[PDB]
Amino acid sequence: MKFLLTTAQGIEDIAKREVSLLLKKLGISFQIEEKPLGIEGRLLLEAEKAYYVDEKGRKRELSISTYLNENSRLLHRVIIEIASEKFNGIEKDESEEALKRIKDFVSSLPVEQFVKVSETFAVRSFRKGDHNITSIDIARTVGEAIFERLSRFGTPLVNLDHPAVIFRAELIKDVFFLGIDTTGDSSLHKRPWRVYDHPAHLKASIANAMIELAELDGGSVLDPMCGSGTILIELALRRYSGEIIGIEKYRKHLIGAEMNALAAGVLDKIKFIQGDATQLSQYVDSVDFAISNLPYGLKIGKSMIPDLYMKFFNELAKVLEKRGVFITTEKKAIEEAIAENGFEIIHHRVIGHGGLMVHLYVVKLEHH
């Protein structure tokens, strides 16, 4: 059986390792492709069905979708795949030749075997790249064809806001995807603990991607520019055995982070300090790790950020024992701050954070 698993662009390999460790525990055989068909923010999972013997002595299925929904920290959506196809030249086909290609394609799909003729259903679409039709055209064309198809078999029941079964149709570049979205209208990154909403907060999946890349070992972990608290809370909710510390310049944000941590059940295990990271060595003497989503300093200045990174990183030099994991839009400010201060890049990545192409670096001190 086949699942399309989504996550942030540029973290597919991290999401893969995450997915394996999890399914291995079930005993399942499976195989996982990064970026099926070249599309980013995706994994195509192939597994055998997960059977056990139940209380009645009967073969019973274990939901793999449920298992992943419940336990993954990196995934956005778990979708049961019905088909994945390239439509050559679609975004360059004219509006009506496009809807045409779609409907005829979907009309062929045995969609009745994925939904009970008599469950409710909606379509939700995601469209992307340059096309001649809208995202709304897809939900429309795809919806027509599911409804028409299901009719042959009975009485189709449509419900936009409270479906029991969401079909999701994605068209990205020239790749079309149709599937059953098991995750729902709220994507997995939408955390219940997030009661204070930071204007520049880290998407929780990318937070765990930073945690993984750090290769933590029980040593103390610091978010010097913590904000809303995302990175530290994710790490506490992973049950991390080490000290966890967050420093945040602005009180409002820091009290937000404490409220977020209260709502997540982990406020006890994080030490939250109002404080200024360019004076870092006043707040601490030693930390094994530092993990931060740095302020991107949008707009200009005329030179705000270069100077912020330069000081912070000089302070960091003073206290860091193992590794730093950092995220920023400001490629230049960061790499000079890194260079001038005797840090060494041991990993660099590009990631899609919401809609911006962010840089992620892993660093150590040179002389270590």
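One-based numbering along the sequence shown.
The deposited sequence places 1 to 3 unmodelled residues between residue 302 and residue 303. As recorded in the PDB entry, 123-131 is the stretch of 123-131 and 265-273 with the greater mean C-alpha temperature factor. Stretch comparison (205-213 versus 153-161) by mean CA B-factor in the PDB entry places 153-161 on top. As recorded in the PDB entry, 27 shows the highest C-alpha B-factor of the residues 324, 36, 41, 27. Across the options 256, 192, 297, 218, the residue with the most elevated CA B-factor in the record is 297. When the modelled residues of the chain are ordered by their C-alpha B factor, residue 16 lands in the middle third. Among all modelled residues in this chain, the alpha-carbon of residue 352 has a temperature factor (C-alpha) in the middle third. Compared with the other modelled residues of the chain, the Cα B-factor recorded for residue 239 ranks in the middle third. Placement of the Cα temperature factor of residue 179 within the chain: lowest third of the modelled residues, per the deposited record. Compared with the other modelled residues of the chain, the Cα B-factor recorded for residue 71 ranks in the middle third.
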